[PDB]
């Protein structure tokens, strides 16, 4: 005698006004590698978008152009190890998000959905992320 939408409205009606607690979730659930790689894909994605936006704002507000700031950094004569670490930190989120994005596109085709295949594809993404980042940073 109650439709599904009426039952949903009654659910939130009597639960939000009651004294019932909300059972814990994020602070108690056991983590896994595919789960930890899901939030990392979102974290790198947002970090890359905020980096493009900051670079876009710098082009509109900085008094100098891009070739000037390159010479400023090149004149400081930084150590090759520090230059390698800076290049690695910039290419790592792009590399991880790119490979795991390909991993998402394969999923969108309906392939590799077995739990053991999900673990294999995730490990493949991790090693390709390290190899691609280390090679590009070594240039």
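Numbering follows the first chain given and starts at 1.
Mean CA B-factor, 122 to 130 versus 13 to 21: the higher value falls on 13 to 21. Averaged over Cα atoms, the B-factor as recorded in the entry is higher for 83 to 91 than for the other of 83 to 91 and 30 to 38. Based on the entry's C-alpha B-factors, the most elevated value among 74, 114, 97, 103 belongs to 74. When all modelled residues of the chain are sorted by CA temperature factor, residue 66 is found within the highest third. In the PDB entry, residue 138 places in the highest third of its chain by CA B-factor. Per-chain ranking of the deposited C-alpha B factor places residue 50 in the middle third.
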